[PDB]
Amino acid sequence: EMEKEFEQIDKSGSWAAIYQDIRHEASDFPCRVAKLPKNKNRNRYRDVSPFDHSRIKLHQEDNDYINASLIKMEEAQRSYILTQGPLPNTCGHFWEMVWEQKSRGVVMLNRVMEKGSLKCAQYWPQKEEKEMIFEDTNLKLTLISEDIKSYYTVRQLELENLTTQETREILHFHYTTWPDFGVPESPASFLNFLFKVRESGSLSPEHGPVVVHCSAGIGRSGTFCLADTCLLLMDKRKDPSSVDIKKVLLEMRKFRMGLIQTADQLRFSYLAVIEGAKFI
Ligand SMILES: [Mg+2]
């Protein structure tokens, strides 16, 4: 079992060593488009770039670049787009990607401000009466409703392509209580949040891939996708104990670098998967 592997790493205090192992084994592919000078103001962090092979291309001829990666998990039959928190100048791009990729849900795992600094542009409208227009990509975004709970908020938004007047309902799942430092004490609220997203259909094959982000779109976002995939595979397989988190993580890392940013995020991911299997 992975509960036994978990208890072993804990008693021997080897989380740091296991995490470094994954870092060393992790795929490395080029990010040539990300690193072009014209795209410098499209990247929040210089050390977080999408691989060319798995990057999400915007459908425009001017500049198709956004810092976003398609993670395609063949066996689990899930896809996810992990991306950075939109910058002041890439909100229109962000919502372009939602539109073009046919996403139903956006999972946001950070607050706009943490540790006294801006981590993310205010990319969605906070009031029904004050809709946003992204002039560069010709999209209108409207808050339709908002349901605030203790650990998360879910918002319904209307995204309209202004060129064609088509509209869609996008669901915004905002986990609002991830601590400024470290990881949650218990994974219970994060699993509950994950189940809410699932229950909405936003992770399902009849929709485009869910868009997941934190500030950089590798740490907390990696945790969400890693836990989700691992749990799905345990449901699907003849032998549930054959699902190795380390292997799933390494497979995900073929599609975007850096997923799971600390040994503590790794530990937490184990905890979340173990507890998730218990409940279900
Ligand atoms: Mg109001």
Side-chain angles (χ1 to χ4, degrees), residues 56 66 68 78-114 118-179 184 187-215 217 220-221 223-225 227-228:
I56 299 299
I66 179 164
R78 282 267 221 266
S79 292
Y80 320 79
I81 289 166
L82 276 61
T83 185
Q84 74 186 14
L87 289 155
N89 293 317
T90 70
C91 292
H93 302 152
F94 174 89
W95 285 113
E96 187 187 351
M97 175 177 60
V98 167
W99 184 269
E100 289 163 357
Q101 298 306 308
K102 295 183 159 48
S103 303
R104 163 75 166 162
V106 174
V107 171
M108 166 170 192
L109 298 172
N110 66 285
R111 294 171 292 299
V112 160
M113 176 161 291
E114 302 185 2
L118 297 185
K119 295 298 176 185
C120 183
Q122 180 63 52
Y123 65 89
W124 75 98
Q126 300 188 262
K127 283 154 175 220
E128 284 93 346
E129 328 82 78
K130 295 208 137 141
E131 76 276 5
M132 294 183 77
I133 294 182
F134 302 100
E135 296 188 307
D136 65 334
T137 55
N138 210 42
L139 291 162
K140 186 165 94 181
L141 185 62
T142 306
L143 183 61
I144 297 298
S145 84
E146 171 159 50
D147 178 26
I148 301 160
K149 305 186 187 194
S150 34
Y151 58 109
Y152 79 102
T153 290
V154 45
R155 312 190 176 77
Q156 321 173 310
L157 309 162
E158 189 188 80
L159 180 62
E160 173 173 353
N161 187 334
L162 257 13
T163 295
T164 64
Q165 304 188 315
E166 314 155 86
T167 63
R168 301 192 187 140
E169 175 174 290
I170 306 306
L171 272 15
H172 198 261
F173 288 92
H174 188 179
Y175 192 83
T176 53
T177 48
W178 195 290
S189 69
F190 189 76
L191 290 160
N192 214 274
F193 172 77
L194 164 64
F195 298 156
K196 292 288 175 158
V197 175
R198 269 176 181 204
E199 281 169 19
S200 74
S202 295
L203 298 178
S204 302
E206 69 261 14
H207 291 102
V210 71
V211 178
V212 188
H213 77 90
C214 58
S215 200
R220 299 173 197 173
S221 294
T223 297
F224 181 86
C225 299
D228 177 54

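This chain uses plain numbering: 1 for the first residue, then up along the sequence. Below, each value reflects all heavy atoms present in this structure, side chains not excepted, and no hydrogens, waters or symmetry copies.
If you take CD on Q101 and CD on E96, they are separated by 9.5 Å, rounding to the nearest 0.5 Å. Remark: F173 CZ to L109 CG distance equals 12.0 Å, nearest 0.5 Å. Here CZ of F224 is found 11.5 Å from CH2 of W178. Values are rounded to the nearest 0.5 Å. The distance from the CG atom of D136 to the CG atom of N89 is 8.0 Å, given to the nearest 0.5 Å. Note that OG of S79 and NE2 of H207 are 14.0 Å apart. Values are rounded to the nearest 0.5 Å. Note that NZ of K196 and OG of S202 are 13.0 Å apart. Values are rounded to the nearest 0.5 Å.
Using modelled atom types, no side-chain atom of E100 and backbone atom of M97 make a donor-acceptor pair closer than 3.5 Å. Of the possible polar contacts, none joining the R168 side chain to the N161 backbone as a donor-acceptor pair under 3.5 Å is found. Judged purely by atom type and a 3.5 angstrom limit, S215 has no side-chain atom pairing as donor or acceptor with the backbone of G85.
Nearest approach of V212 to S221, heavy atoms of both residues: CG1-OG, 3.5 Å. When all heavy atoms are compared, the tightest approach of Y151 to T177 is O-OG1, 3.1 Å. Of all non-hydrogen atoms in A68 and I81, the two that sit nearest each other are CB-CG2, 4.0 Å. The two residues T90 and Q84 come nearest to each other via the heavy atoms OG1-NE2, 4.4 Å. In terms of heavy atoms, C120 sits closest to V112 at O-CG1, 3.4 Å. The two atoms that bring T137 and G92 nearest to each other are OG1-O, 2.9 Å, heavy atoms only.
Residues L159 and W95 meet the side-chain proximity criterion, which asks for heavy atoms closer than 4.5 Å. Using a 4.5 Å cut-off on side-chain heavy atoms (C-beta onward), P184 and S189 make no contact. Inter-residue side-chain proximity for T83 and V211 is flagged as met; some heavy-atom pair is nearer than 4.5 Å. Looking at heavy atoms from C-beta onward, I170 lies out of side-chain contact with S103 at the 4.5 angstrom threshold. Counting only heavy atoms from C-beta outward, the side chains of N110 and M108 approach each other to under 4.5 Å. Under the 4.5 Å side-chain criterion, counting only non-hydrogen atoms from C-beta, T142 is not in contact with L157. A 4.5 Å side-chain heavy-atom check between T223 and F190 finds at least one atom pair inside the cut-off. Residues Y80 and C225 meet the side-chain proximity criterion, which asks for heavy atoms closer than 4.5 Å.
Taking the charged nitrogens against the carboxylate oxygens, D147 and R155 have no contact shorter than 4.0 Å, which rules out a salt bridge. A salt bridge links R104 with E169: at least one charged nitrogen is closer than 4.0 Å to a carboxylate oxygen.
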Given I148 and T176, is the side-chain contact (heavy atoms from CB on, under 4.5 Å) satisfied, shown in steps? CA-CA 10 Å; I148 301 160; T176 53; over 6 Å; no
Steps toward side-chain contact (heavy atoms from CB on, under 4.5 Å) verdict (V106, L171): CA-CA 6 Å; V106 174; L171 272 15; over 6 Å; no
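Under a cut-off of 6.0 angstrom, the local environment of CD in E166 is crowded, with over 12 non-hydrogen atoms contributed by other residues, nucleotides or ligands.
Between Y175 and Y152, the gap from one ring centroid to the other reaches at least 6.0 Å.
There is no side-chain donor-acceptor pair under 3.5 Å between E160 and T167.
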Side-chain donor/acceptor pairs under 3.5 Å, residues 123-135, sequence neighbours excluded:
from: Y123; atom 1: OH; to: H172; atom 2: NE2; distance (Å): 2.7
from: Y123; atom 1: OH; to: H213; atom 2: NE2; distance (Å): 2.6

